[PDB]
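Read the structure below first, then the notes.
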Amino acid sequence: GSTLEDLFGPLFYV
Amino acid sequence: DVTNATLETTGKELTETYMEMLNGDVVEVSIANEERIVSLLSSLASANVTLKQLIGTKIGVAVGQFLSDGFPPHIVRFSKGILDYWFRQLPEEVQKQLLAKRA
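Below, the structure written as structure tokens:
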């Protein structure tokens, strides 16, 4: 399934 | 919501602006590019973006590029707040999967 990196790029964090 | 087409062209222009500014590894920030970045981003700071649009338009990825080391913190804060808002608007358990797979 989608990862946070798929949707927001490899630099984004929560 | 916003149309896919608005998000998609904005994502394309953001990525093209990003790529233009890279002098090899080093980000070069002109006055005009600084101002073009803000203009592109501030059109997205009022958009409600869906998970499907995040998947299809890649707008979150295009905004996320401007969290990298070469950009001014004014721009990096803007990109971070835009992505924070879109992530929080996602359904709670979707937030939990994306987070949990990451831990």
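Quick mapping for you: the protein sequence lines, in order, are chains B and A. The end of the first sequence is residue 136 by the entry's author numbering, with every number in the run present. The end of the second sequence is residue 109 by the entry's author numbering, with every number in the run present. We treat Cβ as the ideally placed atom computed from N, Cα and C, and that holds for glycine.
Distance, residue j Cα to residue i Cα
i: residue 112 of chain A; j: residue 47 of chain A; result: Because chain A here runs from 7 to 109, residue 112 of chain A falls outside it and cannot be looked at.
i: residue 79 of chain A; j: residue 93 of chain A; result: 20 Å
Per-residue DSSP class, three states only, for residue i
i: residue 28 of chain A; result: strand
i: residue 100 of chain A; result: helix
i: residue 35 of chain A; result: coil
Contacts that residue i makes with chain B (C-beta to C-beta distance below 8 Å)
i: residue 58 of chain A; result: What residue 58 of chain A touches in chain B: nothing, since even the nearest Cβ is about 10 Å away.
Under 9 Å from the C-beta of residue i: neighbouring residues of chain C
i: residue 43 of chain A; result: Absent from the structure is chain C; the protein chains it does hold are B and A.
Sequence-distant residues of the same chain with beta carbon closer than 6 Å to residue i, five excluded per side
i: residue 53 of chain A; result: 8
i: residue 134 of chain B; result: none
Close Cβ partners of residue i (< 7 Å) along its chain, the five nearest in sequence each way excluded
i: residue 89 of chain A; result: 66, 69 and 70
i: residue 19 of chain A; result: 46
i: residue 49 of chain A; result: 16
Same chain only: Cβ atoms within 8 Å of residue i, ignoring 5 sequence neighbours per side
i: residue 23 of chain A; result: 39, 42, 43 and 46
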